[PDB]
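Participant: Next comes the structure file input.txt, holding compact mmCIF, C-alpha atoms and all ligand atoms.
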# COMPACT_ATOMS: atom_id res chain seq x y z
CA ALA A 1 -4.52 33.94 -59.25
CA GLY A 2 -7.03 36.05 -61.24
CA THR A 3 -10.81 36.11 -60.73
CA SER A 4 -12.68 32.80 -61.04
CA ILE A 5 -15.72 32.59 -63.33
CA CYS A 6 -18.66 30.20 -63.06
CA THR A 7 -19.51 27.69 -65.84
CA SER A 8 -22.52 27.96 -68.18
CA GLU A 9 -23.94 24.79 -66.58
CA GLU A 10 -23.64 26.43 -63.14
CA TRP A 11 -25.51 29.64 -63.90
CA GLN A 12 -28.08 28.07 -66.23
CA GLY A 13 -28.71 25.50 -63.49
CA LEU A 14 -29.43 28.32 -61.02
CA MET A 15 -31.80 30.03 -63.48
CA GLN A 16 -34.01 26.92 -63.64
CA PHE A 17 -33.98 26.39 -59.85
CA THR A 18 -37.26 26.53 -57.92
CA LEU A 19 -37.30 26.75 -54.12
CA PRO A 20 -39.37 24.04 -52.34
CA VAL A 21 -42.60 25.61 -51.11
CA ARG A 22 -42.14 24.63 -47.44
CA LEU A 23 -39.02 26.85 -47.14
CA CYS A 24 -40.76 29.98 -48.44
CA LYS A 25 -42.31 30.35 -45.02
CA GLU A 26 -39.18 29.45 -43.02
CA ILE A 27 -36.79 31.77 -44.89
CA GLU A 28 -38.70 34.78 -43.49
CA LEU A 29 -37.66 33.95 -39.92
CA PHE A 30 -34.53 35.31 -38.17
CA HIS A 31 -33.50 31.94 -36.72
CA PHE A 32 -33.70 30.11 -40.11
CA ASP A 33 -30.60 27.95 -40.59
CA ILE A 34 -29.52 27.42 -44.20
CA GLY A 35 -27.28 24.56 -43.00
CA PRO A 36 -29.37 21.57 -44.06
CA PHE A 37 -29.99 22.85 -47.61
CA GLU A 38 -26.56 23.23 -49.25
CA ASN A 39 -27.69 22.49 -52.86
CA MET A 40 -30.26 25.29 -52.47
CA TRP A 41 -28.04 28.12 -51.18
CA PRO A 42 -27.66 30.04 -54.43
CA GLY A 43 -31.38 29.57 -55.21
CA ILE A 44 -32.15 30.81 -51.71
CA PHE A 45 -30.24 33.99 -52.53
CA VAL A 46 -32.09 34.55 -55.82
CA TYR A 47 -35.33 34.06 -53.87
CA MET A 48 -34.42 36.67 -51.28
CA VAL A 49 -33.35 39.23 -53.91
CA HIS A 50 -36.62 38.57 -55.79
CA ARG A 51 -38.82 38.98 -52.68
CA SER A 52 -37.01 42.06 -51.37
CA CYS A 53 -36.29 43.87 -54.63
CA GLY A 54 -38.75 42.41 -57.16
CA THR A 55 -38.23 39.75 -59.85
CA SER A 56 -37.22 42.51 -62.31
CA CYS A 57 -34.63 44.30 -60.10
CA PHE A 58 -31.84 42.51 -61.99
CA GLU A 59 -31.60 40.76 -65.37
CA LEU A 60 -31.84 37.11 -64.33
CA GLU A 61 -28.95 35.87 -66.53
CA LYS A 62 -26.56 38.51 -65.11
CA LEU A 63 -27.77 37.85 -61.55
CA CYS A 64 -27.23 34.07 -61.91
CA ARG A 65 -23.74 34.53 -63.45
CA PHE A 66 -22.92 36.99 -60.68
CA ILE A 67 -24.03 34.63 -57.88
CA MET A 68 -22.26 31.52 -59.21
CA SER A 69 -19.07 33.47 -59.80
CA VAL A 70 -19.31 34.89 -56.28
CA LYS A 71 -19.50 31.30 -54.95
CA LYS A 72 -16.43 30.31 -56.97
CA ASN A 73 -14.40 33.16 -55.37
CA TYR A 74 -14.98 31.98 -51.80
CA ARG A 75 -12.23 29.57 -50.78
CA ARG A 76 -12.62 26.19 -49.12
CA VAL A 77 -11.76 27.46 -45.65
CA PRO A 78 -13.49 26.24 -42.49
CA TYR A 79 -15.50 29.42 -41.68
CA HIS A 80 -15.08 32.47 -43.99
CA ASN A 81 -16.65 30.59 -46.83
CA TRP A 82 -19.68 30.42 -49.18
CA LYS A 83 -21.95 29.09 -46.40
CA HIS A 84 -21.06 32.07 -44.18
CA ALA A 85 -21.73 34.45 -47.12
CA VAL A 86 -25.27 33.09 -47.70
CA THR A 87 -25.95 33.02 -43.96
CA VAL A 88 -25.02 36.67 -43.57
CA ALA A 89 -27.12 37.56 -46.66
CA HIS A 90 -30.08 35.67 -45.18
CA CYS A 91 -29.79 37.67 -41.93
CA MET A 92 -29.82 40.90 -43.99
CA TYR A 93 -32.95 39.76 -45.83
CA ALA A 94 -34.72 39.10 -42.55
CA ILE A 95 -33.73 42.54 -41.18
CA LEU A 96 -34.88 44.26 -44.34
CA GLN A 97 -38.19 42.38 -44.63
CA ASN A 98 -38.96 43.53 -41.06
CA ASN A 99 -37.77 47.07 -41.82
CA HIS A 100 -38.63 47.25 -45.47
CA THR A 101 -39.70 50.85 -46.09
CA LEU A 102 -36.90 52.32 -43.93
CA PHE A 103 -34.57 51.42 -46.81
CA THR A 104 -34.57 52.41 -50.45
CA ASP A 105 -34.73 49.91 -53.32
CA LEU A 106 -31.12 50.81 -54.03
CA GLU A 107 -30.11 50.22 -50.41
CA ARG A 108 -31.81 46.79 -50.31
CA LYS A 109 -30.23 45.51 -53.48
CA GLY A 110 -26.81 46.93 -52.54
CA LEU A 111 -26.93 45.45 -49.04
CA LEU A 112 -28.04 41.98 -50.08
CA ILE A 113 -25.19 41.94 -52.63
CA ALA A 114 -22.72 43.43 -50.09
CA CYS A 115 -23.49 40.64 -47.60
CA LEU A 116 -23.08 37.92 -50.24
CA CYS A 117 -19.73 39.47 -51.19
CA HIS A 118 -18.43 40.71 -47.90
CA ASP A 119 -15.81 37.96 -47.28
CA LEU A 120 -14.86 37.28 -50.91
CA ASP A 121 -11.54 35.46 -51.33
CA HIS A 122 -10.93 35.28 -47.55
CA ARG A 123 -7.84 33.10 -46.87
CA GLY A 124 -8.61 32.04 -43.30
CA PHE A 125 -6.21 34.68 -41.89
CA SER A 126 -7.02 37.73 -39.76
CA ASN A 127 -6.05 41.35 -40.39
CA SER A 128 -3.79 40.90 -37.33
CA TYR A 129 -1.85 38.17 -39.15
CA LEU A 130 -1.63 40.04 -42.46
CA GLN A 131 -0.23 43.15 -40.80
CA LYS A 132 2.07 41.26 -38.33
CA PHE A 133 3.80 39.46 -41.19
CA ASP A 134 3.50 42.27 -43.75
CA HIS A 135 1.47 40.38 -46.34
CA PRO A 136 1.29 42.32 -49.65
CA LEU A 137 -2.41 43.02 -48.88
CA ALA A 138 -1.34 44.93 -45.77
CA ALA A 139 0.98 47.11 -47.92
CA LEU A 140 -1.87 47.98 -50.27
CA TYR A 141 -4.50 48.38 -47.55
CA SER A 142 -3.10 49.88 -44.37
CA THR A 143 -6.34 49.60 -42.35
CA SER A 144 -9.37 47.29 -42.71
CA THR A 145 -7.02 45.13 -44.79
CA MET A 146 -9.15 42.12 -45.75
CA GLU A 147 -12.34 44.25 -46.02
CA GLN A 148 -10.77 46.55 -48.62
CA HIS A 149 -9.74 43.31 -50.46
CA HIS A 150 -13.30 41.94 -50.25
CA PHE A 151 -14.61 45.12 -51.85
CA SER A 152 -11.95 45.01 -54.58
CA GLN A 153 -12.97 41.36 -55.29
CA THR A 154 -16.60 42.38 -55.54
CA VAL A 155 -15.83 45.07 -58.15
CA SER A 156 -13.63 42.54 -60.05
CA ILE A 157 -16.65 40.20 -60.20
CA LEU A 158 -19.02 42.91 -61.47
CA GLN A 159 -16.41 43.60 -64.15
CA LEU A 160 -16.57 40.10 -65.62
CA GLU A 161 -18.32 39.97 -68.98
CA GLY A 162 -22.08 39.62 -68.38
CA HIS A 163 -21.82 39.90 -64.58
CA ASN A 164 -22.58 43.57 -64.11
CA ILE A 165 -25.95 43.35 -62.38
CA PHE A 166 -25.88 47.15 -61.76
CA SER A 167 -25.24 48.27 -65.37
CA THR A 168 -28.87 49.29 -65.98
CA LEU A 169 -28.77 51.79 -63.14
CA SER A 170 -28.49 55.51 -63.90
CA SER A 171 -24.84 56.61 -63.75
CA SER A 172 -25.64 58.42 -60.50
CA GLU A 173 -27.46 55.47 -58.88
CA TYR A 174 -24.59 53.23 -60.04
CA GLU A 175 -22.06 55.33 -58.10
CA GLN A 176 -24.43 55.46 -55.11
CA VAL A 177 -24.84 51.69 -54.92
CA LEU A 178 -21.09 51.01 -55.16
CA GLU A 179 -20.67 53.45 -52.29
CA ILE A 180 -23.37 51.66 -50.34
CA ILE A 181 -21.58 48.37 -50.95
CA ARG A 182 -18.09 49.76 -50.12
CA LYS A 183 -19.25 51.29 -46.89
CA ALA A 184 -21.15 48.17 -45.90
CA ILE A 185 -18.21 45.87 -46.53
CA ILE A 186 -15.69 48.10 -44.76
CA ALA A 187 -18.10 48.22 -41.79
CA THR A 188 -17.64 44.42 -41.36
CA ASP A 189 -14.20 45.24 -39.97
CA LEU A 190 -14.95 44.59 -36.25
CA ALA A 191 -12.23 47.16 -35.35
CA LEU A 192 -14.68 49.82 -36.60
CA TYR A 193 -17.71 48.30 -34.91
CA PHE A 194 -16.74 49.35 -31.36
CA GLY A 195 -16.69 53.05 -32.21
CA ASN A 196 -19.77 52.85 -34.44
CA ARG A 197 -21.85 51.10 -31.80
CA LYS A 198 -20.76 53.56 -29.08
CA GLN A 199 -21.64 56.50 -31.39
CA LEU A 200 -25.06 55.04 -32.26
CA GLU A 201 -25.91 54.33 -28.61
CA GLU A 202 -25.22 57.99 -27.75
CA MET A 203 -27.21 59.35 -30.70
CA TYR A 204 -30.11 57.09 -29.73
CA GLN A 205 -29.96 57.91 -26.01
CA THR A 206 -29.83 61.70 -26.62
CA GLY A 207 -32.39 61.44 -29.39
CA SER A 208 -30.24 63.03 -32.09
CA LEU A 209 -30.36 59.87 -34.27
CA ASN A 210 -31.89 60.81 -37.59
CA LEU A 211 -32.24 58.43 -40.52
CA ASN A 212 -32.70 61.40 -42.89
CA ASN A 213 -29.03 62.27 -42.07
CA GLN A 214 -26.74 60.33 -44.45
CA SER A 215 -23.93 59.89 -41.91
CA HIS A 216 -26.53 58.40 -39.48
CA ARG A 217 -27.91 56.09 -42.15
CA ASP A 218 -24.37 54.90 -42.95
CA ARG A 219 -23.78 54.15 -39.27
CA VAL A 220 -27.07 52.23 -38.88
CA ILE A 221 -26.28 50.26 -41.97
CA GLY A 222 -22.82 49.56 -40.50
CA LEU A 223 -24.41 48.12 -37.39
CA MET A 224 -26.79 46.03 -39.54
CA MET A 225 -23.69 44.61 -41.26
CA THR A 226 -22.11 43.68 -37.91
CA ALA A 227 -25.40 42.08 -36.74
CA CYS A 228 -25.58 39.97 -39.91
CA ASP A 229 -21.83 39.05 -39.88
CA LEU A 230 -22.16 37.71 -36.34
CA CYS A 231 -25.61 36.05 -36.72
CA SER A 232 -24.26 32.52 -35.99
CA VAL A 233 -24.76 33.67 -32.41
CA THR A 234 -28.52 34.24 -33.01
CA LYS A 235 -29.35 30.68 -34.12
CA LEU A 236 -30.59 27.80 -32.01
CA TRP A 237 -27.82 26.60 -29.72
CA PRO A 238 -26.80 23.42 -31.55
CA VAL A 239 -26.34 25.48 -34.75
CA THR A 240 -24.40 28.22 -32.95
CA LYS A 241 -22.18 25.58 -31.33
CA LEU A 242 -21.33 23.75 -34.63
CA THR A 243 -20.53 27.06 -36.33
CA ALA A 244 -18.18 27.98 -33.44
CA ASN A 245 -16.27 24.72 -34.17
CA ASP A 246 -15.61 25.98 -37.76
CA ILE A 247 -14.59 29.47 -36.59
CA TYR A 248 -12.03 28.06 -34.12
CA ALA A 249 -10.79 25.60 -36.73
CA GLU A 250 -9.74 28.68 -38.70
CA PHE A 251 -8.30 30.42 -35.66
CA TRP A 252 -6.13 27.42 -34.68
CA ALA A 253 -4.77 27.11 -38.24
CA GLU A 254 -3.65 30.75 -38.07
CA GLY A 255 -2.13 30.18 -34.59
CA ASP A 256 -0.20 27.22 -35.99
CA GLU A 257 1.39 29.45 -38.67
CA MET A 258 2.37 32.03 -36.08
CA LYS A 259 4.18 29.30 -34.08
CA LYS A 260 6.22 28.51 -37.17
CA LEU A 261 7.21 32.19 -37.35
CA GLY A 262 8.53 32.19 -33.72
CA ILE A 263 5.52 33.93 -32.20
CA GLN A 264 3.11 32.44 -29.65
CA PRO A 265 -0.43 33.18 -30.80
CA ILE A 266 -3.18 34.74 -28.73
CA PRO A 267 -4.85 32.03 -26.67
CA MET A 268 -7.96 32.16 -28.87
CA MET A 269 -5.87 30.95 -31.79
CA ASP A 270 -3.93 28.37 -29.76
CA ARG A 271 -5.14 24.79 -30.38
CA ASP A 272 -3.32 23.75 -27.18
CA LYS A 273 -5.60 26.08 -25.24
CA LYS A 274 -9.12 24.78 -25.97
CA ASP A 275 -9.99 24.87 -22.22
CA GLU A 276 -10.11 28.69 -22.55
CA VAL A 277 -12.74 28.71 -25.37
CA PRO A 278 -15.92 28.81 -23.19
CA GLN A 279 -14.59 31.82 -21.31
CA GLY A 280 -13.41 33.36 -24.61
CA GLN A 281 -16.91 33.02 -26.03
CA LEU A 282 -18.33 34.62 -22.91
CA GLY A 283 -16.01 37.61 -23.40
CA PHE A 284 -16.99 37.83 -27.06
CA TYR A 285 -20.75 37.82 -26.31
CA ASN A 286 -20.36 40.37 -23.47
CA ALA A 287 -18.04 42.72 -25.35
CA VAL A 288 -19.29 42.39 -28.93
CA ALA A 289 -22.52 40.46 -29.65
CA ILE A 290 -24.80 41.45 -26.80
CA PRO A 291 -24.13 45.21 -27.18
CA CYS A 292 -24.46 44.92 -30.97
CA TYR A 293 -27.95 43.36 -30.90
CA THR A 294 -28.96 45.53 -27.92
CA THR A 295 -28.34 48.75 -29.85
CA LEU A 296 -29.71 47.35 -33.09
CA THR A 297 -32.98 46.43 -31.27
CA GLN A 298 -33.20 49.97 -29.87
CA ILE A 299 -32.87 51.46 -33.35
CA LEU A 300 -34.85 48.77 -35.26
CA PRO A 301 -37.38 47.24 -32.81
CA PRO A 302 -38.34 44.43 -35.20
CA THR A 303 -34.82 42.96 -34.81
CA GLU A 304 -35.51 42.04 -31.19
CA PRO A 305 -35.51 38.22 -31.94
CA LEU A 306 -31.75 38.46 -32.83
CA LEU A 307 -31.07 39.85 -29.35
CA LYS A 308 -33.30 37.30 -27.60
CA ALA A 309 -31.50 34.46 -29.42
CA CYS A 310 -28.06 35.93 -28.64
CA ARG A 311 -29.07 36.21 -24.96
CA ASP A 312 -30.13 32.49 -24.93
CA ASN A 313 -26.74 31.53 -26.41
CA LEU A 314 -24.85 33.57 -23.82
CA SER A 315 -26.75 31.51 -21.22
CA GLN A 316 -25.64 28.31 -22.96
CA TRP A 317 -21.97 29.35 -22.87
CA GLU A 318 -22.49 30.18 -19.16
CA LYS A 319 -23.85 26.65 -18.65
CA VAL A 320 -20.79 25.23 -20.42
CA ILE A 321 -18.50 27.17 -18.05
CA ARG A 322 -20.33 25.84 -14.97
CA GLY A 323 -19.99 22.24 -16.27
CA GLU A 324 -23.63 21.78 -17.31
CA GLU A 325 -23.11 20.87 -21.02
CA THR A 326 -25.25 17.99 -22.32
CA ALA A 327 -24.22 15.79 -25.30
CA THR A 328 -22.73 17.49 -28.39
CA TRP A 329 -22.00 16.12 -31.90
CA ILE A 330 -19.39 17.55 -34.29
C1 LIG A 401 -17.01 35.85 -35.73
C2 LIG A 401 -16.85 35.33 -34.31
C3 LIG A 401 -15.67 35.55 -33.57
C4 LIG A 401 -15.60 35.05 -32.26
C5 LIG A 401 -14.38 35.23 -31.39
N1 LIG A 401 -16.66 34.36 -31.75
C6 LIG A 401 -17.78 34.16 -32.49
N2 LIG A 401 -18.80 33.49 -31.94
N3 LIG A 401 -17.89 34.66 -33.75
NI NI A 402 -14.80 39.69 -42.72
NI NI A 403 -17.95 37.75 -42.38
Show me, as structure tokens, the structure contained in the file I just sent.
Facilitator:
Amino acid sequence: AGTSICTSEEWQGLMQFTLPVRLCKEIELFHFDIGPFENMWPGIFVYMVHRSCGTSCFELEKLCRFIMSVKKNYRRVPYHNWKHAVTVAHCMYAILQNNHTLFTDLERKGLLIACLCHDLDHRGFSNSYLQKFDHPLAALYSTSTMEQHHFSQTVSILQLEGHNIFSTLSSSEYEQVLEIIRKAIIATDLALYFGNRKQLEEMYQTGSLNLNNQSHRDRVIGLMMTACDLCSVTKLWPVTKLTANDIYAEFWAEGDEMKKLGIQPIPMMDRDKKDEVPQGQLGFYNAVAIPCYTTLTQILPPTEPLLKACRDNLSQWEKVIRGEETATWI
């Protein structure tokens, strides 16, 4: 109920934080895994905003209140949580650093914020669930149901006293950035991704793609959002594999609720069907991740390491299917 607000101790604590020097180098790399540095996550986000957008892009007090309140509005769910938020934001930073002047200052700040915020107040339930059982959210938001909620939650956070990090923008740039953020968040609806990716592939292959064309820009940004949302699949295998455990933990909890409502869940969400997971992952990589990073690499060549990593993980799932797994810890 209502929007949660960070404590003074929380945001002041973040203000005083300094990132260990060794990580400054690592954070630049696509494969960087935030996993082992939980206490540093919010500081890691400040760092990325500061490197990408300058230490004066936002008032530091407002930025630190914003970040710690964002954290407090992620729920303690197995996957769509704070850790996922910072991970997605880190992928965006890496894409932007490698593609820096293709994007405006306003686009970089909006996108880094959009990624941090893009799953705000996720409950561990899919759009499929919300719509199947007519959750109130589905009444309010007929398509892209959770994504429209994530955007609404973002704007609610900006509206907290002292949290409006975009207040100092010109009224016109203010409207532009909220639009950048809205579009970016809505684009994290995977339902939209299939069409977007297909469109982009065609525009690329015919050579009509034009980043001076706002609709094209929006689409490229959309695909960047997908690439970042799915970046678990671009990490080193052990990291990818542990993250998959958390994702399925959420799926099986949803499947359980469906069973209570008289409906057998899709196999992916069925905890009595774990034998099908390796094949399910294969389908996911072949249908979603591989094409995503393939097209992104065509459009932004510096993102190639994402695609190489995703390819290596596909291979690992293939090995699992064939019975070639080595030891795994959970
Ligand atoms: C977000 C997501 C969803 C699925 C089915 N697999 C993976 N790896 N990631
Ligand atoms: Ni989402
Ligand atoms: Ni997400």
Participant: Have a look at atom CA of residue A:195 and atom CA of residue A:116 and let me know their distance in Å, one decimal.
Facilitator: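 Interatomic distance here is 24.4 Å.
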Participant: Return the single residue from A:96, A:1, A:44, A:88 that is closest to residue A:18, with distances computed using only C-alpha atoms.
Facilitator: A:44
Participant: Which residues come within 7 Å of residue A:147, counting all atoms listed in the file, excluding same-chain residues fewer than 2 positions away, as a PyMOL selection string?
Facilitator: chain A and resi 144-145+149-151+185-186+189
Participant: Considering all atoms listed in the file, return as a list in words whatever protein or nucleic-acid residues lie within 9 Å of residue A:124, sequence-local ones (same chain, fewer than 2 positions apart) excluded.
Facilitator: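 Once the adjacent positions are removed, what remains is residues 75, 77, 78, 79, 80, 81, 122, 126, 250, 251, 253 and 254 of chain A.
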Participant: So how far away is atom CA of residue A:167 from atom CA of residue A:16, in Å?
Facilitator: 23.1 Å
Participant: Taking (-29.6, 27.2, -34.1) in the coordinates of the supplied file, I want to know which residues reach to within 10 Å of it, counting all atoms listed in the file; could you give the answer as a list in words?
Facilitator: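 Nearby residues: residues 31, 32, 33, 35, 232, 233, 234, 235, 236, 237, 238, 239, 240, 241, 242, 243, 309 and 313 of chain A.
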Participant: Using only C-alpha atoms, which protein or nucleic acid residues come within 12 Å of residue A:131? Drop anything in the same chain fewer than 6 positions from it, and give the result as a JSON list (two decimals) with C-alpha atoms, in the frame of the given file.
Facilitator:
[["chain", "number", "residue", "atom", "x", "y", "z"],
["A", 125, "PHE", "CA", -6.21, 34.68, -41.89],
["A", 137, "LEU", "CA", -2.41, 43.02, -48.88],
["A", 138, "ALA", "CA", -1.34, 44.93, -45.77],
["A", 139, "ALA", "CA", 0.98, 47.11, -47.92],
["A", 140, "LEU", "CA", -1.87, 47.98, -50.27],
["A", 141, "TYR", "CA", -4.50, 48.38, -47.55],
["A", 142, "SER", "CA", -3.10, 49.88, -44.37],
["A", 143, "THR", "CA", -6.34, 49.60, -42.35],
["A", 144, "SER", "CA", -9.37, 47.29, -42.71],
["A", 145, "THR", "CA", -7.02, 45.13, -44.79],
["A", 146, "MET", "CA", -9.15, 42.12, -45.75]]
Participant: Can you put N, CA and C atoms back into stretch 8-33 of chain A and show it as a compact mmCIF listing (two decimals), in the frame of the given file?
Facilitator:
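Here's the written file part22.txt:
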# COMPACT_ATOMS: atom_id res chain seq x y z
N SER A 8 -21.18 27.80 -67.61
CA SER A 8 -22.52 27.96 -68.18
C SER A 8 -23.50 27.02 -67.48
N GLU A 9 -23.10 25.76 -67.28
CA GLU A 9 -23.94 24.79 -66.58
C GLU A 9 -24.33 25.25 -65.16
N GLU A 10 -23.39 25.92 -64.49
CA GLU A 10 -23.64 26.43 -63.14
C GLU A 10 -24.70 27.52 -63.14
N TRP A 11 -24.53 28.55 -63.96
CA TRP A 11 -25.51 29.64 -63.90
C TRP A 11 -26.86 29.28 -64.53
N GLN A 12 -26.83 28.50 -65.60
CA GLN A 12 -28.08 28.07 -66.23
C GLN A 12 -28.86 27.20 -65.27
N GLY A 13 -28.14 26.33 -64.55
CA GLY A 13 -28.71 25.50 -63.49
C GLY A 13 -29.44 26.32 -62.44
N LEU A 14 -28.82 27.40 -61.99
CA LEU A 14 -29.43 28.32 -61.02
C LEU A 14 -30.69 29.00 -61.56
N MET A 15 -30.65 29.41 -62.83
CA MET A 15 -31.80 30.03 -63.48
C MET A 15 -33.06 29.18 -63.41
N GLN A 16 -32.89 27.87 -63.59
CA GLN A 16 -34.01 26.92 -63.64
C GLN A 16 -34.45 26.48 -62.24
N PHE A 17 -33.67 26.82 -61.22
CA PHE A 17 -33.98 26.39 -59.85
C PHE A 17 -35.31 26.95 -59.31
N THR A 18 -36.10 26.08 -58.70
CA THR A 18 -37.26 26.53 -57.92
C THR A 18 -37.11 26.07 -56.47
N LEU A 19 -37.35 27.01 -55.55
CA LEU A 19 -37.30 26.75 -54.12
C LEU A 19 -38.51 25.91 -53.71
N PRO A 20 -38.29 24.82 -52.95
CA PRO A 20 -39.37 24.04 -52.34
C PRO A 20 -40.28 24.95 -51.55
N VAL A 21 -41.58 24.70 -51.64
CA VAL A 21 -42.60 25.61 -51.11
C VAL A 21 -42.55 25.74 -49.59
N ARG A 22 -42.21 24.65 -48.91
CA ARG A 22 -42.14 24.63 -47.44
C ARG A 22 -41.15 25.67 -46.87
N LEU A 23 -40.07 25.93 -47.61
CA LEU A 23 -39.02 26.85 -47.14
C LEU A 23 -39.36 28.30 -47.34
N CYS A 24 -40.34 28.60 -48.20
CA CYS A 24 -40.76 29.98 -48.44
C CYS A 24 -41.17 30.62 -47.12
N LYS A 25 -41.87 29.87 -46.30
CA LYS A 25 -42.31 30.35 -45.02
C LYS A 25 -41.16 30.49 -44.01
N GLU A 26 -40.24 29.53 -44.02
CA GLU A 26 -39.18 29.45 -43.02
C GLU A 26 -38.13 30.54 -43.23
N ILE A 27 -37.85 30.82 -44.50
CA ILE A 27 -36.79 31.77 -44.89
C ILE A 27 -37.05 33.18 -44.33
N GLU A 28 -38.32 33.49 -44.06
CA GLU A 28 -38.70 34.78 -43.49
C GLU A 28 -38.24 34.96 -42.05
N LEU A 29 -37.93 33.87 -41.36
CA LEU A 29 -37.66 33.95 -39.92
C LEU A 29 -36.18 34.20 -39.59
N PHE A 30 -35.92 34.96 -38.53
CA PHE A 30 -34.53 35.31 -38.17
C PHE A 30 -33.69 34.08 -37.89
N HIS A 31 -34.27 33.13 -37.16
CA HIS A 31 -33.50 31.94 -36.72
C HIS A 31 -33.29 30.89 -37.83
N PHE A 32 -33.84 31.10 -39.03
CA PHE A 32 -33.70 30.11 -40.11
C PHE A 32 -32.22 29.72 -40.28
N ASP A 33 -31.95 28.43 -40.39
CA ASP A 33 -30.60 27.95 -40.59
C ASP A 33 -30.52 27.35 -41.99
